[PDB]
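Protein chains in written order, with the numbering used here: chain A, 130 to 306; chain B, 13 to 187; chain C, 107 to 168; chain D, 107 to 168.
Using N, Cα and C, we set each Cβ at its ideal position, and we do this for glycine too.
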Amino acid sequence: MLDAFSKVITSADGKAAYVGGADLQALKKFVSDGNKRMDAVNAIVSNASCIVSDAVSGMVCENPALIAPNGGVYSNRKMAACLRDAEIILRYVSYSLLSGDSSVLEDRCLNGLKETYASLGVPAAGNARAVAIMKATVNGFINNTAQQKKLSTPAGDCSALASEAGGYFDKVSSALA
Amino acid sequence: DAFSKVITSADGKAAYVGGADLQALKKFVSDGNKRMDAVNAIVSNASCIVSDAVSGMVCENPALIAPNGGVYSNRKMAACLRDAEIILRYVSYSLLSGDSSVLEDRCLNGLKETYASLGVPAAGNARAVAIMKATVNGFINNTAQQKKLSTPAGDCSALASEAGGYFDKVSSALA
Amino acid sequence: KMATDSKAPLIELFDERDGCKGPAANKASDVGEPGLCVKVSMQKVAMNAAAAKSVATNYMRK
Amino acid sequence: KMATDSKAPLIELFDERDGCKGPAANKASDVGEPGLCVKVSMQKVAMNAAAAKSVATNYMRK
Ligand SMILES: */C=C\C1=C(C)C(=O)N/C1=C\c1[nH]c(/C=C2\N=C(C[C@H]3NC(=O)C(C(*)=C)=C3C)C(C)=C2CCC(=O)O)c(CCC(=O)O)c1C
Ligand SMILES: */C=C\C1=C(C)C(=O)N/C1=C\c1[nH]c(/C=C2\N=C(C[C@H]3NC(=O)C(C(*)=C)=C3C)C(C)=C2CCC(=O)O)c(CCC(=O)O)c1C
Ligand SMILES: *[C@@H](C)[C@H]1/C(=C/c2[nH]c(/C=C3N=C(/C=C4\NC(=O)C(CC)=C4C)C(C)=C\3CCC(=O)O)c(CCC(=O)O)c2C)NC(=O)[C@@H]1C
Ligand SMILES: *[C@@H](C)[C@H]1/C(=C/c2[nH]c(/C=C3N=C(/C=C4\NC(=O)C(CC)=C4C)C(C)=C\3CCC(=O)O)c(CCC(=O)O)c2C)NC(=O)[C@@H]1C
Ligand SMILES: *[C@@H](C)[C@H]1/C(=C/c2[nH]c(/C=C3N=C(/C=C4\NC(=O)C(CC)=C4C)C(C)=C\3CCC(=O)O)c(CCC(=O)O)c2C)NC(=O)[C@@H]1C
Ligand SMILES: *[C@@H](C)[C@H]1/C(=C/c2[nH]c(/C=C3N=C(/C=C4\NC(=O)C(CC)=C4C)C(C)=C\3CCC(=O)O)c(CCC(=O)O)c2C)NC(=O)[C@@H]1C
Ligand SMILES: *[C@H](C)[C@H]1/C(=C/c2[nH]c(/C=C3N=C(/C=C4\NC(=O)C(CC)=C4C)C(C)=C\3CCC(=O)O)c(CCC(=O)O)c2C)NC(=O)[C@@H]1C
Ligand SMILES: *[C@H](C)[C@H]1/C(=C/c2[nH]c(/C=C3N=C(/C=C4\NC(=O)C(CC)=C4C)C(C)=C\3CCC(=O)O)c(CCC(=O)O)c2C)NC(=O)[C@@H]1C
């Protein structure tokens, strides 16, 4: 597994790892489809806020009781906690795609999450839909089929990377179901 | 006045207005509460206002993004987006404070000459300002089609006109 | 004459009347109008490469 | 178990092959990969009240 970022992840203190030159050369030969992978990651990070807001907004628009009394995102505090979680999850997925594995996503983000949501009464159906919309949106951005905001890249195929990203969302889905 | 200090010092120090100071601020300016919402209609949409305006300037005249164009190269495009945001923020502050003195003094005075010396195209600038003006009008009146702001129902036409007048001051200064 | 430091007034508005407060203690008092605050500072408007690249790629779509 | 610090990896990608550099000096070697850099840090994902208010107001518009 890629161990470039393990130190800054473990320290979790805002310190940054900068990977360039020979260290970036190495990284991009380590993981598969190196340069395409960086673009696939950018397809997520350059659209992070849109991905999150679209997913949570879709979750609500399909079931507006979610913003009514007793609803999972009734009150600004709950809506903001939900948007925060969606972004947390998305970023662990984006890091999984950058690093080429889901170890940090599983260990630091998902382990115990189902139980946490259960204790708080976070609605499973709404959560599953938010994740589903993020998955589909990320797929569109990776494949550059999004209708409004595209990313300029050299012509080619990122279907393997798209599937890999999908797989990471599936880990989130598995863990929460 | 509490704002005047942090504008003058221009060093990232912030002025926080609340309690009786805020009640007072709102007294000094007309339509105090509505005015705060009209400001929010701008600041809550700042990135979109700027990006939509510069994008529209370019889609109407793609020469701007071709070789020898005003925003050819990321460096120039970024500088143009910076300027649009700079102008938008001085307009938003003019709306918050109820006058254009800071806009005129710190932002517009000598701006035409700066652009003229750099060869920045007047038509493109004018169109970017025009689109921002139109967009801000939509957000203040809450007629924007995608992103609205929840406020108590009522009439903000006076505030919208005032905002437009600040944009007109930008236009006049660059003409 | 105009400044040349690329700084502009950054206005932040806060309406926390629903009682949800941020991590930082109050920096002014809201005695008499609880939950409301206007903040202004002068901040440099930073270059944003991502936004510039997006306009270059996406200007043709409304 | 999972962290409960609300922190997530923030990835920032830099492609400055057009030659336009930021104000800070290089923080890594560029040997062999001119103009490119991957930056990762752990940062708290802050609550964003404005975005929450917007979803409540605007969810019904795509
Ligand atoms: C920032 C948003 C996007 C930009 C900019 C862009 O170019 N594409 C963007 C988003 C995007 N969304 C989707 C797919 C879905 N988004 C959904 C939520 C949306 N639909 C609704 O009914 C409401 C409420 C009125 C919403 C807020 C939904 C439900 C989907 C489909 C999910 C699914 O397939 O199950 C995509 C992928 C498809 C596409 O390219 O259009 C993108 C890129
Ligand atoms: C962040 C954008 C917006 C959201 C979200 C929203 O709900 N409204 C938004 C923007 C907005 N734009 C305008 C007016 C114009 N925008 C223009 C640029 C656009 N038009 C183009 O042809 C291209 C290039 C393909 C663009 C990028 C233009 C030209 C205008 C009209 C300017 C004028 O009237 O002279 C408004 C105001 C009108 C409206 O509500 O639709 C908003 C709110
Ligand atoms: C799927 C994601 C889309 C796609 C991708 C794609 N990219 C390339 C080629 C390159 N991409 C990069 C980008 C980076 N390298 C880095 O280290 C970083 C981090 C800062 C980035 C952003 C580079 C350097 C290349 C090499 C080519 C070049 O120098 O321009 C390709 C070409 C095939 C390849 O594997 O090189 C493709 C296909 N393209 C699409 O059409 C998808 C929508
Ligand atoms: C035009 C802008 C739209 C509009 C505005 C509108 N607003 C109100 C009432 C209030 N607005 C606020 C908001 C603030 N006050 C502050 O000091 C700050 C800074 C933090 C903000 C954001 C408040 C407190 C009120 C009073 C009511 C309340 O308690 O919420 C009105 C009502 C009329 C009035 O003058 O009060 C209106 C009409 N309404 C629209 O429909 C326009 C699109
Ligand atoms: C609860 C979690 C909700 C929430 C709140 C939240 N607020 C902030 C930041 C600030 N809040 C204020 C408000 C005041 N400060 C005062 O002194 C007064 C009385 C006059 C008020 C009403 C201010 C000034 C800030 C910024 C502080 C500063 O300048 O450093 C945050 C942090 C994020 C931010 O800075 O905007 C949060 C999380 N956010 C939500 O999403 C919940 C709905
Ligand atoms: C020119 C004005 C364009 C522009 C550039 C710009 N870049 C940054 C910030 C960073 N740039 C890098 C890039 C590298 N660092 C390296 O060591 C190497 C070689 C391996 C590269 C390619 C990095 C790491 C940063 C962040 C530095 C840090 O972490 O402190 C900025 C500042 C804003 C930002 O951090 O994103 C700017 C303005 N911006 C534009 O808009 C022009 C197109
Ligand atoms: C975008 C709509 C148009 C555009 C913009 C553009 N501007 C510049 C350069 C400058 N802009 C300013 C403006 C200000 N600086 C300030 O400090 C303030 C007030 C706080 C303002 C209003 C200045 C001083 C410059 C020159 C110095 C600098 O670059 O920062 C450029 C760069 C031009 C060049 O050739 O170098 C551009 C591209 N350009 C267009 O084509 C659009 C119509
Ligand atoms: C949005 C799609 C859904 C939703 C979300 C929601 N979550 C919470 C509360 C918590 N979320 C977490 C998650 C994490 N914390 C971390 O530190 C990490 C990894 C770094 C993760 C994944 C935790 C720990 C909590 C509880 C503590 C906290 O509030 O921070 C809430 C608040 C629920 C409440 O009743 O208080 C909400 C609303 N809610 C929905 O309805 C959507 C389906």
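Residue environment for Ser281(A): exposed (fewer than 16 other C-beta atoms within 10 angstroms of its C-beta).
Residue state for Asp23(B) is assigned as coil, using DSSP reduced to three classes. Between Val181(A) and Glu216(A) the beta-carbon gap is near 5 Å, inside 8 Å, which marks them as a contact. The distance from the Cβ of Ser231(A) to that of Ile117(D) is about 15 Å, inconsistent with a contact at the 8 Å cut-off.
Of all residues in the segment 118–146 of chain D, those with a C-beta nearer than 8 Å to a C-beta of chain B are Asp124 and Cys126, reading in chain order.
Linking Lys150(C) to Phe120(C) through their CA atoms gives a straight-line distance of about 21 Å. Under the 8 Å criterion on CB atoms, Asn154(C) is classed as non-interfacial with respect to chain A.
Here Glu125(B) is exposed, its C-beta having fewer than 16 other C-beta atoms within 10 Å. Of all alpha-carbon atoms in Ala146(B), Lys25(B), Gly24(B) and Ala58(B), the one lying nearest the alpha-carbon of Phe179(B) is that of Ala146(B). At a cut-off of 7 Å, the beta-carbon of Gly136(B) counts as near ligand 7: some heavy atom of the ligand is closer than that. If you ignore the 5 residues before and after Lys145(C), its C-beta comes within less than 6 Å of the C-beta of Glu118, all in its own chain and listed in chain order. About 5 Å separates the CB atoms of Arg237(A) and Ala109(D); that is less than 8 Å, so the two are in contact. In the displayed model, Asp121(C) falls within a strand according to three-state DSSP. For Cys190(A), the enclosing alpha helix (DSSP H) has its first and last residue at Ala177 to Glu191. Straight-line spacing of the CA atoms in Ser109(B) and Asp124(C) works out to 27 Å. Beta-bridge partners assigned by DSSP to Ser147(C): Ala26(B) and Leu116(C).
For the pair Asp33(B) and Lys39(B), the Cα-to-Cα distance works out to about 10 Å. Between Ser112(D) and chain B, the shortest Cβ-Cβ separation is not below 8 Å. Segment contact: the segment 51–68 of chain B against the segment 149–164 of chain B, three or more CB-CB distances shorter than 8 Å; contact assigned. Sequence-distant Cβ neighbours of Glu116(B) in its own chain, meaning closer than 8 Å and more than five residues away, are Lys181 and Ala185. Between the alpha carbons of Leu131(A) and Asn199(A) lies a distance of about 44 Å. When beta bridges are read from the DSSP output, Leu142(C) appears opposite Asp121(C). In this structure, the beta-carbon distance from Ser112(C) to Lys25(B) does not fall below 8 Å. C-alpha of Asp168(A) to C-alpha of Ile262(A): approximately 21 Å in a straight line.
With fewer than 16 neighbouring CB atoms inside 10 Å of its own CB, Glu191(A) falls in the exposed class. Excluding its 5 nearest sequence neighbours in each direction, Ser302(A) has C-beta neighbours in its own chain below 7 Å: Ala257 and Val260, listed in chain order.
Close to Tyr297(A), with beta-carbon spacing below 8 Å, lies no residue of chain D; the smallest spacing is near 13 Å. For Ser204(A), the closest of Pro129(D), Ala155(D) and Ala130(D) by C-alpha to C-alpha distance is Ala155(D).
Neighbours of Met144(B) in chain C, taken as residues at a C-beta separation under 9 Å, are lacking, since the least C-beta distance is about 14 Å. At a cut-off of 7 Å, the beta-carbon of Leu186(B) does not count as near ligand 7: no heavy atom of the ligand is closer than that.
Taken from the Cβ of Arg87(B), at least one heavy atom of ligand 6 lies inside 7 Å.
Residue ranges of uninterrupted alpha helix (DSSP H) with 4 or more members, entirely inside the segment 210–283 of chain A and ordered along the chain, are 242–249 and 253–271.
Under the three-state reduction of DSSP, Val41(B) is assigned to coil, being neither helix nor strand.
Taking non-hydrogen atoms of ligand 8 into account, the C-beta of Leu234(A) is found less than 7 Å away from none of them.
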